[PDB]
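In: okay, here's the opening piece of the assembly, coordinates as they are in the complex:
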Amino acid sequence: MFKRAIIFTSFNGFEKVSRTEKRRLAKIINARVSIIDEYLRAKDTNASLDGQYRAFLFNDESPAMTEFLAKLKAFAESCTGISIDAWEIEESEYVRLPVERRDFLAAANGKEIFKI
């Protein structure tokens, strides 16, 4: 029940992504990133947000994950210029993936949560 939430955020090209929308999405991400995985931190920039995988560790028995994902889902529904894809994968299953290219391979081997 330890699972990685793999989110792929991208700019879909059908609308300009505004400063407020980049800020909001980087804020949502950074409310879950702690001092121990600073490497998942986001900036409100194209380079940080457009075309990037982030894999967050979640224990699904807790309502954290489900709350995190609903913020994401509702935000992506509010923002036509940003697509968000999300997959859950068992952590036990994830730790044994190749170190290089890992997040894409987890997303192809994972359960589709949503796809906005």
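Out: Perfect, thanks for sending it. Residues are numbered from 1 along each chain as shown, chains lettered A, B, ... in the order given.
In: can I get the longest helix seen in chain A in CSV, CA atoms only?
Out: With secondary structure taken from DSSP state H, chain A has its longest helix at helix A:63-78. The C-alpha coordinates for helix A:63-78 follow below in CSV (Å, rounded to 0.1, in the frame of the first residue of the first chain):
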residue,chain,number,x,y,z
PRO,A,63,-6.3,10.6,2.7
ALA,A,64,-3.2,12.7,1.7
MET,A,65,-2.8,11.2,-1.7
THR,A,66,-6.4,11.4,-2.7
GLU,A,67,-6.5,15.0,-1.5
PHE,A,68,-3.3,15.8,-3.4
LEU,A,69,-4.7,14.3,-6.6
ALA,A,70,-8.0,16.1,-6.4
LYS,A,71,-6.2,19.5,-6.1
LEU,A,72,-4.3,18.4,-9.2
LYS,A,73,-7.4,17.1,-11.1
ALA,A,74,-9.5,20.2,-10.3
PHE,A,75,-6.5,22.5,-11.2
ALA,A,76,-6.0,20.7,-14.6
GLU,A,77,-9.7,21.0,-15.2
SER,A,78,-9.5,24.7,-14.5
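In: extra chain here, label it chain B:
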Amino acid sequence: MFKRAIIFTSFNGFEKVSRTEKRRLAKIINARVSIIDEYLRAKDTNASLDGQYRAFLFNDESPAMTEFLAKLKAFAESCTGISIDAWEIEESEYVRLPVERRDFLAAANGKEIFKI
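Out: Below is chain B, added to the chains above:
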């Protein structure tokens, strides 16, 4: 072989910039500011760092320009509150630019390196 690295540092407004972050960026900049070039020297203040161009002379036969650009990029990536744009221009082209707004014009006429 002689080039200028043009850098534009700014506080992007996503996050507060701490004093230690200001000092760390000033220290990275000042590693390439000798005692002769006091005009380039970075202070740990908004006036000195927030919204300022600086143009560093380099000889591209040395790896010094690349290691400094690497240290800058790494800093900007880990500090959510600071943006750094970097361009490169030929020294012969840099000295035939008008003196006023030269670094601005050099950035305009320059080859883009990163925007983090």
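In: now the one residue in chain A that gets nearest to chain B: which helix or strand?
Out: Closest to chain B within chain A is residue A:44: 4.8 Å, counting by CB to the nearest CB. C-beta coordinates here come from the backbone N, C-alpha and C atoms, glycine included. Assigned by DSSP states H and E, residue A:44 belongs to no helix or strand.
In: which residues of chain A lie near chain B?
Out: Listed as neighbours of chain B in chain A under the rule CB under 8 Å from any CB of the partner chain: A:23, A:26, A:30, A:38, A:41, A:42, A:43, A:44, A:45, A:47.
In: what about residue A:103, how many neighbours?
Out: 20 (other CB atoms under 10 Å in any protein chain shown).
In: that one touches residue A:53, doesn't it?
Out: Yes - counting by CB atoms under 8 Å, residue A:103 touches residue A:53, with 3.5 Å between them.
In: any shared contact partners between those two?
Out: Applying CB atoms under 8 Å, 6 or more residues apart in numbering or on different chains, one finds that residue A:103 and residue A:53 are jointly contacted by A:6, A:8.
In: alright, that wraps it up for me.
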